[PDB]
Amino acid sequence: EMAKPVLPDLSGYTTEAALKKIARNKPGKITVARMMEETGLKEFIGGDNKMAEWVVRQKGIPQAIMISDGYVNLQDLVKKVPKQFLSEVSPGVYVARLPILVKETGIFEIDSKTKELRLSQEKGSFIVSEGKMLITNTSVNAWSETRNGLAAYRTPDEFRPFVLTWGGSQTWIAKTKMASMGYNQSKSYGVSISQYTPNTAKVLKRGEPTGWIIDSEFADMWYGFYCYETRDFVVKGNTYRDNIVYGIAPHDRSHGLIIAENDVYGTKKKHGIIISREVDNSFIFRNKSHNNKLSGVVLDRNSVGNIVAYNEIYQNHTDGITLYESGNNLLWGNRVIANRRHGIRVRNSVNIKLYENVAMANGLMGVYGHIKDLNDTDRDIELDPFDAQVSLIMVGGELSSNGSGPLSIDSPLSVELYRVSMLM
């Protein structure tokens, strides 16, 4: 019998507040130099021996547009960078034919002056930032010069331009549209916020990256959003639609995240929203997650101490919410409606608290709890251990009109139920 959760205040996460976030007074230095001189690029590309695909895209030794030692905007880049590498094809509309690296001391901005920054698929363009970067009231899209359109998704391994930020960086995106980014390659999922690989991290010690993404739209992305060892990142007021694998997908010891008031739908292969592998102490609230190929919302691989609250979770093709091996979480007052399978499913998770959830008209159970032996499976039990136990407490809310019944919990360690409505 606890009190309603205290959810983080979202009032200060606005475009106006984001504009006031970078230092524009000290102009920066613009260089077109070699990719493989830079840690920001080697870190995910690999050694000199991995440079060939880039040599092919660029038809020469691989280069990048590099920003450092101060502030640079897109309009600045256009003037100082050769037209072959960054062209204005119509007013406000640019095509980058090289990648852009914001170095550690760089500060990079795109604003409403830019109608569209097109990143060339053929030429191998992408955006990496180790510094400060702000993108507002504009469009950054993965662009196919061959098709003269968006680099629309076709196959997992086909390169598409992406955005990636490294440890010690800070990023703010607001009122921006991005489409067709990312593919099945490390750090290249689409929009990725990431700490350095552990080897590079024990050296640089740059500390975890952070930032906001607000009131923006992301479409046809491999992952709408991805992060790795990321702190207090904010994702609010966005639309993630028709993305490929995942809508919003925090990973790997990220924490303090705020994922709120997003509308996530139409995910083609998997989940609307997933936090996987020790994504702890985060907040998932007031989102709509619907019509996704698998679950509406997933907590995976020992992702603990989270609050999932007041989300509208409906018409997903499997579960509303699935908890996989992720104990000690609170689900408060979610409305989980008309998902094809279960409303809320809990596998191998203990101390799950279900308070005031409405689970209605799902195809199977309203709430389904079970255990499963994961030893003879593809699971790396060293990296991701598990315990075949399930336990939960349910208080209030309502379970009704579900296809297979209100609840089923098989072989529970313990289940307590208090004043849950289950209508006949």
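Note that residue numbering follows the sequence shown and begins at 1.
With 206-214 and 334-342 compared on mean CA B-factor from the PDB entry, the stretch scoring higher is 206-214. When the C-alpha B-factors of 24-32 and 43-51 are averaged, 24-32 comes out higher.
When the C-alpha B factors of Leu86, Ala249, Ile307, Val264 are read from the deposited coordinates, the top value falls at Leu86. Across the residues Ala361, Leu374, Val367, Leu392, the deposited record lists the maximum Cα B factor for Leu374. When all modelled residues of the chain are sorted by CA temperature factor, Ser180 is found within the lowest third.
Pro82: CA B factor lies in the highest third for its chain, per the PDB record. In this PDB entry, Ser349 carries a Cα temperature factor that places it within the lowest third of its chain's modelled residues. Sorting the modelled residues of the chain by their CA temperature factor places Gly396 in the middle third. Ranked by Cα temperature factor within the chain, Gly327 sits in the middle third according to the deposited record.
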